[PDB]
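Worksheet: one structure, shown below.
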Ligand SMILES: OC[C@H]1O[C@H](O[C@H]2[C@H](O)[C@@H](O)[C@@H](O)O[C@@H]2CO)[C@H](O)[C@@H](O)[C@@H]1O
Ligand SMILES: OC[C@H]1O[C@H](O[C@H]2[C@H](O)[C@@H](O)[C@@H](O)O[C@@H]2CO)[C@H](O)[C@@H](O)[C@@H]1O
Ligand SMILES: *[C@@H]1O[C@H](CO)[C@@H](O)[C@H](O)[C@H]1NC(C)=O
Ligand SMILES: *[C@@H]1O[C@H](CO)[C@@H](O)[C@H](O)[C@H]1NC(C)=O
Ligand SMILES: *[C@@H]1O[C@H](CO)[C@@H](O)[C@H](O)[C@H]1NC(C)=O
Ligand SMILES: [Zn+2]
Ligand SMILES: [Zn+2]
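Residue numbers (the entry's author numbering), protein chains in the order written: chain A, 18 to 710; chain B, 18 to 393, 423 to 709.
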């Protein structure tokens with residue numbers, strides 16, 4: 018007997034959200050194992066701002082069955098009843114460390130499964146520095162030293178407060194005072210001396226050009242991984258990218274500040290179950306039986322490291338690695354995050370205060386003051402990066418930052434969205450509003466198509482144009498495969514009455530569908546072949562001839578006529594079933610002097626999936642790659658004896674799962690493939706010479 | 018015998034240059050037979066760097082009458098007009114394979130005679146191992162195993178790029194892109210990922226002491242023939258030395274790299290005629306009558322193997338040997354060398370990249386970059431950005447010249463994942479492009495859904511230096527697609543849906559689903575076990591078949607109706623679709639899709655329809671309609687239908703309750 022019996026005839030499913038920076042593939046593999054055993058499928062998807070999006074959808078009774086995050090968010094969900102209560106047997110609970118269970122406990126109830134323990138650690142290049150700086154104060158020396166070598170000392174994400182927090186709290190800065198076994202929200206440690214010291218040091222570092230304020234995760238990763246930075250600050254999940262990198266690296270404790278250790282907020286990677294989920298039992302089985310296991314966490318950790326796991330058995334072995342040991346050493350120096358809801362607001366309040374102090378929009382005192390005032394305020398979560406959250410006597414509100422520093426380049430930063438029938442270009446609203454823009458922010462080649470405040474995203478100001486030639490001065494450009502719709506975005510120096518000239522040429526390229534070209538034609542010349550697949554499958558292959566190199570504007574009527582130098586553009590299309598499963602392959606294409614496809618005289622354009630020769634007389638654009646295929650032939654230059662010829666194409670449906678369809682053509686011919694299945698042949702003709710202007 | 022008439026009182030001589038690794042003796046023997054018949058002397062010499070030496074002497078109106086080499090060089094000579102045009106009869110051309118003639122063709126003219134087809138093959142001791150390693154990745158293991166015996170696994174010449182090329186080209190590597198029937202010289206495939214993979218693997222091989230970077234032809238041949246190496250990689254011309262050796266050997270296909278086959282550059286051994294020679298006629302007779310023949314090639318091939326010959330007659334018999342067959346198999350995997358002149362410059366650029374990466378003088382990136390380069423201010427500030435949204439992929443492209451105009455000395459761009467890096471993109475314009483799948487989570491791509499649409503977005507970082515300066519730019523790009531009904535239904539956590547299992551042919555299992563949707567796009571399905579509607583609200587219903595390929599069938603909804611009770615058999619029915627057609631001609635009912643596809647879709651204003659009752663249940667009878675007769679999609683002329691309707695309850699899907707807003 019098998020496990021599969023209990024879940025048989027399941028209409029149930031399992032949907033998982035996790036941040037893409039952790040290993041999704043290992044989790045997916047565990048999903049494949051779960052699918053193997055139980056016969057139930059498991060999906061893993063990464064939405065933008067998933068921790069923020071989850072509550073929104075979850076409120077409506079929709080979302081993933083499982084959500085992965087650091088515990089600090091979870092209690093915020095629990096307060097809203099978005100998380101189903103976990104109630105595992107003691108035997109199971111005993112397998113994980115109690116503090117990891119404490120992290121996920123909220124208001125007495127377990128709202129999630131602890132997975133792993135996350136703490137920021139100091140990552141450095143072993144080749145570049147043998148001994149890393151043990152303190153923060155000695156880094157500027159290193160940077161000044163390394164600046165001569167054409168490199169930098171330290172680069173790490175400055176955009177997320179998670180990364181800058183440890184230095185701030187190093188001297189005793191804190192989020193929410195823990196008192197009488199409970200967190201006090203009206204007691205906030207943001208504006209004290211230690212925070213100011215840490216942040217002042219950070220600002221003083223970036224002011225000295227030791228680090229750029231524009232630096233983010235991606236940039237720092239890229240910089241460090243190319244060995245152009247001596248060290249960075251990060252968690253286990255990064256390591257996977259460094260291993261593959263030629264960089265020889267090491268992980269140790271963060272540097273001290275004022276003789277005090279860096280105090281990182283320690284996260285617990287945790288898996289919550291949606292309260293709306295019908296699948297809760299399956300989720301519990303999956304998480305308990307499969308996800309948390311030596312093998313499972315081995316897999317996930319193998320894709321990307323988890324750091325210190327909550328599972329005792331695997332951890333006891335996993336600690337043997339020095340890096341996670343360093344991660345623990347760091348964690349023990351810092352403090353585990355509160356799971357309370359306010360943490361959502363806190364993080365937002367710091368981020369605003371760090372970037373303002375870094376950009377120089379405010380002093381550390383002013384920034385931290387605003388921060389402390391906004392620490393528990395939930396409204397401030399609604400504010401974008403470029404917005405200040407301002408506190409009135411009555412209530413908090415969002416406001417655009419009053420001052421931006423804009424290079425002639427900064428204006429070129431933009432969002433380009435290519436939709437199916439339309440194109441949209443978007444630019445930051447505040448950066449524009451800063452310059453005195455009330456309205457009519459921007460326009461395209463046609464000045465009548467103007468900017469509007471984006472109805473979806475308050476942050477953006479957007480311009481839209483259909484993707485077709487002639488509205489809003491949009492322009493179409495075709496090549497054999499694709500149709501590219503392009504336009505230019507002008508910025509208006511008028512309303513602001515100040516001149517800095519920039520324009521952005523943007524374009525959306527879409528694949529060309531010849532079936533549309535055929536449907537557009539009143540009476541196109543086309544041959545069709547129905548192909549039955551198995552009991553229930555049915556497919557259709559069509560072959561048609563086109564007047565243009567774009568493979569558009571097909572010939573109409575019962576005959577085609579060519580100039581001596583003319584190119585015939587042939588194309589083939591597949592319909593029915595999954596166009597993904599099968600790829601359209603043209604196995605043998607040839608011409609005959611007669612109408613019979615069985616003609617003893619065959620002139621092969623394509624033979625054995627490959628061109629008959631390398632001459633320009635035959636050009637094959639698309640074969641075996643997709644649902645369509647395309648090739649051109651100069652017909653009467655290729656076969657010249659005859660005043661007309663007929664065209665024949667043998668076609669085969671290529672399963673892309675079990676065989677690779679795209680042919681490899683060496684330019685050496687066997688001529689052993691002369692066997693043709695006439696049931697698979699499409700025929701078109703006659704193809705005649707003009708003989709008249 | 019009677020040939021003697023056309024040659025009497027003979028004069029002049031014939032001088033031939035050919036590489037010494039091929040049979041010099043056989044060619045000379047044929048030359049001596051030619052001398053016997055014609056009474057004209059023929060000299061055969063093998064100079065050092067003969068291919069480089071030929072143009073030098075040829076420029077002065079001095080040199081050999083005939084030159085033997087791979088075709089890739091010849092177009093370089095032809096461009097210099099050092100080669101006389103050959104004009105053999107069709108009857109003769111039919112005797113050799115056309116592609117061999119295509120190789121020797123340049124700018125429309127045939128500049129030389131094809132002799133043989135050469136491709137690198139994997140030579141191994143058949144006695145030593147029954148089956149050779151099928152991949153490159155497993156070689157270090159074999160070597161480590163063989164390291165205990167005081168020997169090595171694989172040794173071959175690393176000095177000539179010709180021998181190392183296949184691994185480089187195994188994964189997506191290429192010299193010159195073949196487009197519109199001609200080779201593109203400004204389109205170069207040297208700096209791509211696969212080449213880097215292969216060459217990096219090679220460096221990693223020599224770094225592990227599995228093979229010495231100093232290894233050359235002599236060393237590998239001498240070593241393998243003496244049994245100090247288990248296997249090597251080489252062409253036919255080497256075999257002659259292995260045959261005499263007591264070693265029992267075999268020849269097979271090169272090992273795969275990254276799941277893809279090795280693509281050796283396939284050479285065509287070819288004989289060109291000097292343009293300065295008055296003796297061209299004699300050269301032509303020599304090449305046509307004697308050199309290319311069963312008897313002629315027999316001598317040369319018997320002396321040393323030519324591999325697969327261009328001559329049909331001799332090849333047809335010669336294929337029966339497994340070695341040349343393996344050589345053919347290898348040839349079929351790779352691609353023939355372009356005949357263009359630039360190849361002369363190419364080989365020089367790669368050779369530098371092979372030795373520099375091996376010795377450790379440069380990184381693979383630097384070497385391949387330099388090679389690729391060798392192969393081929424600001425007033426207003428503007429940028430060129432092109433986004434291509436494919437079905438399975440996205441490509442983002444930025445124009446080079448604009449980046450230069452914007453003051454970028456060098457271009458580094460990448461996505462959220464720094465592992466995804468830009469490459470040089472050749473189109474109607476020269477671009478720098480990055481590619482990513484259109485699904486979320488590779489390359490740090492992220493999904494954003496709204497009720498109607500699934501939007502896949504990512505950020506493109508663009509900067510001059512890896513260490514970031516004051517100038518760095520980032521560009522957010524996104525591809526938004528409409529949501530599929532099935533997908534919308536499958537994505538939903540707890541959608542309201544009714545399902546019916548169907549068997550077809552008694553084989554396999556399929557199902558039919560009916561579900562309710564909040565949007566006119568038929569997306570954003572209702573959640574829960576019940577739906578509640580305003581009096582004026584529109585219920586968007588859809589029905590789809592799932593669980594495998596039903597493509598031969600179109601989903602047809604014959605009768606769809608509402609009942610005040612939960613019973614589908616209720617005598618009181620309000621018909622939305624009756625006799626396959628919409629009950630009313632009004633905006634109150636719209637049937638979007640019926641009998642057309644695997645899906646069906648319709649909207650109804652439910653409570654103007656149901657009237658007096660504050661709740662209803664929805665019922666849809668469904669059938670698989672065979673589309674072969676093309677009668678499936680129903681035609682509705684008028685709103686008048688028979689009240690009597692025959693319904694099979696086994697095919698009816700039921701959903702409810704559907705309740706009115708405000709009690
Ligand atoms: O910086 C604010 C952010 O910090 C934490 O998120 C971390 C997370 O702990 C790590 O697992 C890793 O993924 O990096 C994240 C930040 O980039 C908090 O969990 C989160 O609520 C908070 O917004
Ligand atoms: O390595 C560069 C070199 O490769 C080719 O020459 C080959 C030749 O094609 C083979 O037949 C073999 O036997 O000898 C050479 C080994 O490299 C190119 O034809 C030549 O121009 C180039 O220098
Ligand atoms: C110029 O912009 C940068 C980055 O924002 C920063 O130095 C600051 O915002 C501006 N300069 C000053 C002196 O404030
Ligand atoms: C056609 O142009 C598009 C961009 O406009 C490009 O992505 C595609 O590769 C081009 N087709 C070919 C065959 O090069
Ligand atoms: C959903 O988002 C897409 C992505 O741009 C947009 O095109 C569409 O208009 C949006 N639909 C609604 C109903 O907001
Ligand atoms: Zn089970
Ligand atoms: Zn003669």
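For each residue, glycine too, the CB sits at the ideal point set by N, CA and C.
Reference residue 485 of chain A, options A/94, A/174, A/425 and A/495, closest by Cα: Residue mapping note: residue 485 of chain A aligns to position 468 of the first chain, counting from 1. Among A/94, A/174, A/425 and A/495, the Cα nearest to that of residue 485 of chain A is on A/495.
For a contact defined as C-beta to C-beta under 7 Å, what are the partners of residue 90 of chain B on chain A? Here the question's residue 90 of chain B lines up with position 73 in the second chain. Simply none; closest approach about 17 Å.
Less than 8 Å between CB atoms is the rule here; does residue 451 of chain B satisfy it with respect to chain A? To locate residue 451 of chain B, count along the second chain from 1; it is residue 405. No - not a single Cβ of chain A is within 8 Å of the one on residue 451 of chain B.
Is the CB of residue 558 of chain B under 8 Å away from at least one CB in chain A? For this step, residue 558 of chain B is matched to residue 512 along the second chain. The beta carbon of residue 558 of chain B sits no closer than 8 Å to any beta carbon of chain A.
So residue 295 of chain A contacts chain B; which residues on that side make the cut at Cβ distance below 7 Å? The residue labelled residue 295 of chain A in the question sits at position 278 within the first chain. Those are 540, listed as they occur along chain B.
Chain B partners of residue 23 of chain A, CB-CB under 7 Å? As a working mapping, residue 23 of chain A is identified with position 6 in the first chain. Under the 7 Å cutoff, chain B gives no residues; its nearest Cβ is about 18 Å from residue 23 of chain A.
Have a look at residue 548 of chain B and residue 558 of chain B and give me their C-alpha separation to the nearest angstrom. Here residue 548 of chain B corresponds to residue number 502 of the second chain, with the count starting at 1. Here residue 558 of chain B corresponds to residue number 512 of the second chain, with the count starting at 1. So the alpha carbons of these two residues sit roughly 7 Å apart.
Between the Cα of residue 565 of chain A and those of A/57, A/552, A/519 and A/531, spot the shortest distance and give me the residue it belongs to. Working through the first chain from its first residue, we reach residue 565 of chain A at position 548. Checking every option, the nearest Cα to that of residue 565 of chain A belongs to A/531.
Let me confirm a value: residue 61 of chain A is counted as buried when at least 16 other C-beta atoms fall within 10 Å, else exposed. Which label applies? Stepping through the first chain from its first residue, residue 61 of chain A is reached at position 44. Per the 10 Å Cβ criterion, buried.
Could you give the residue range of the beta strand (DSSP E) that holds residue 435 of chain B? Looking up residue 435 of chain B in the second chain gives position 389. According to the DSSP assignment, residue 435 of chain B belongs to the beta strand (DSSP E) that extends over 427-435.
What in chain A is Cβ-close to residue 624 of chain B, meaning under 7 Å? If you number the second chain from 1, residue 624 of chain B lands on position 578. Going along chain A, no residue has its Cβ under 7 Å from residue 624 of chain B, so there is no contact; the nearest lies around 29 Å.
Runs of beta strand (DSSP E) lying entirely within the region 193-259 of chain B, each at least 3 residues, in chain order: Within the region 193-259 of chain B, the complete beta strand (DSSP E) runs of at least 3 residues are 199-206 and 246-251.
DSSP three-state assignment for residue 447 of chain B, whether helix, strand or coil: Position 401 of the second chain, counting from 1, holds the residue named residue 447 of chain B. Correct three-state label for residue 447 of chain B: helix.
Alpha-carbon to alpha-carbon, residue 682 of chain A and residue 280 of chain B: Within the second chain, numbered from 1, the residue matching residue 280 of chain B stands at position 263. Within the first chain, numbered from 1, the residue matching residue 682 of chain A stands at position 665. For residue 280 of chain B and residue 682 of chain A, the distance between alpha carbons rounds to 11 Å.
In terms of residues, what are the limits of the beta strand (DSSP E) holding residue 542 of chain A? Stepping through the first chain from its first residue, residue 542 of chain A is reached at position 525. That residue, residue 542 of chain A, is in no beta strand (DSSP E); it is neither H nor E in DSSP.
Would you kindly work out how many angstroms separate the C-alpha atoms of residue 48 of chain A and residue 308 of chain A, rounded to a whole number? Within the first chain, residue 48 of chain A is the residue found at index 31, counting from 1. Within the first chain, residue 308 of chain A is the residue found at index 291, counting from 1. Going from the Cα of residue 48 of chain A to the Cα of residue 308 of chain A covers about 9 Å.
Give the single residue among A/73, A/502 and A/94 whose Cα lies nearest to the Cα of residue 288 of chain A. Locating residue 288 of chain A in the first chain gives position 271, where the first residue counts as 1. Minimum Cα distance to residue 288 of chain A is reached at A/94.
Measuring straight from C-alpha to C-alpha, what distance separates residue 168 of chain A and residue 243 of chain A? Your numbering for residue 168 of chain A matches position 151 in the first chain. Your numbering for residue 243 of chain A matches position 226 in the first chain. Each residue's Cα considered, the two are about 11 Å apart.
Using beta-carbon positions only, say whether residue 343 of chain B and residue 138 of chain B come within less than 8 Å of one another. One-based indexing of the second chain puts residue 343 of chain B at position 326. One-based indexing of the second chain puts residue 138 of chain B at position 121. The answer is yes: Cβ separation under 8 Å.
Go ahead and label residue 525 of chain B buried or exposed: buried means 16 or more other beta carbons lie within 10 angstroms of its beta carbon, across all protein chains shown. In the second chain, counting from the first residue as 1, residue 525 of chain B sits at position 479. Result: buried.
Taking 7 Å as the cut-off, is the beta-carbon of residue 373 of chain A closer than that to any non-hydrogen atom of ligand 3? On the first chain, residue 373 of chain A is found 356 positions in, with the first residue counted as 1. Ligand 3 never approaches residue 373 of chain A closely enough for any of its heavy atoms to be under 7 Å from the residue's Cβ.
Cβ pair residue 519 of chain A, residue 429 of chain A closer than 8 Å: Taking the first chain and counting its residues from 1, one reaches residue 519 of chain A at position 502. Taking the first chain and counting its residues from 1, one reaches residue 429 of chain A at position 412. Yes.
How far does the alpha helix (DSSP H) with residue 314 of chain A in it reach, from first residue to last? Translated into the one-based positions of the first chain, residue 314 of chain A becomes position 297. Counting along the chain, the alpha helix (DSSP H) containing residue 314 of chain A begins and ends at 311-320.
Less than 8 Å separating the beta-carbons of residue 542 of chain B and residue 573 of chain B? Here residue 542 of chain B refers to the residue found at position 496 when the second chain is read from its first residue. Here residue 573 of chain B refers to the residue found at position 527 when the second chain is read from its first residue. Against a cut-off of 8 Å, the Cβ pair of residue 573 of chain B and residue 542 of chain B comes out as a contact.
Closer than 7 Å to a non-hydrogen atom of ligand 6 - does that hold for the CB of residue 665 of chain A? Stepping through the first chain from its first residue, residue 665 of chain A is reached at position 648. Checking every heavy atom of ligand 6 against the Cβ of residue 665 of chain A, none is found closer than 7 Å.
Sufficient close CB pairs (3 or more, under 8 Å) joining the region 368-378 of chain B to the region 173-181 of chain B: Counting C-beta pairs with one atom in each stretch, the region 368-378 of chain B and the region 173-181 of chain B have three or more that are closer than 8 Å, which means they touch.
What does the Cβ neighbour count give for residue 555 of chain B, buried or exposed, with the cut at 16 atoms within 10 Å? Translated into the one-based positions of the second chain, residue 555 of chain B becomes position 509. Burial call: exposed.
Whose C-beta lies closer than 6 Å to the C-beta of residue 360 of chain A among residues of the same chain, with five residues either side of it excluded? As a first step, residue 360 of chain A must be located in the first chain, where it is residue number 343. Around residue 360 of chain A: 89.
Would you say residue 659 of chain B reaches chain A, if we count a Cβ-Cβ gap shorter than 8 Å as a contact? Locating residue 659 of chain B in the second chain gives position 613, counting from the first residue. Not closer than 8 Å to any Cβ of chain A, the Cβ of residue 659 of chain B fails to qualify, so no.
By Cβ distance, which residues of its chain are closer than 8 Å to residue 335 of chain B, with the 5 residues on each side in sequence left out? The sequence position of residue 335 of chain B within the second chain is 318, counting from 1. Sequence-distant partners of residue 335 of chain B (beyond 5 residues in either direction) whose C-beta falls short of 8 Å from its own C-beta, in its chain, are 318, 325, 326 and 341.
Shortest alpha-carbon distance to residue 166 of chain B belongs to which of B/155, B/121 and B/227? For the purposes of this step, residue 166 of chain B is taken as the residue at position 149 of the second chain. Closest option to residue 166 of chain B, judged by alpha-carbon separation, among B/155, B/121 and B/227: B/227.
Contact criterion: CB-CB distance below 8 Å. Does residue 318 of chain A meet it with respect to chain B? The residue you call residue 318 of chain A lines up with position 301 of the first chain. Chain B, which has no Cβ nearer than 8 Å to the Cβ of residue 318 of chain A, makes this no.
What is the residue span of the beta strand (DSSP E) that residue 407 of chain A lies within? Mapped onto the first chain, residue 407 of chain A falls at position 390. Residues 404-408.
Is it a yes or a no for the region 214-221 of chain A touching the region 291-303 of chain A, going by three-plus beta-carbon pairs under 8 Å? Taking 8 Å as the limit for Cβ pairs, the verdict is that the region 291-303 of chain A does not touch the region 214-221 of chain A.
Proximal residues to residue 109 of chain A (C-beta, below 7 Å), its chain only, five neighbours per side dropped: Walking along the first chain from the start, residue 109 of chain A turns up at place 92. Answer for residue 109 of chain A: 305, listed in chain order.
Compute the minimum distance between the beta carbon of residue 499 of chain A and the heavy atoms of ligand 4, and state whether it is under 7 Å. Residue 499 of chain A sits at position 482 when you count from the first residue of the first chain. At least one heavy atom of ligand 4 is nearer than 7 Å to the Cβ of residue 499 of chain A, so yes.
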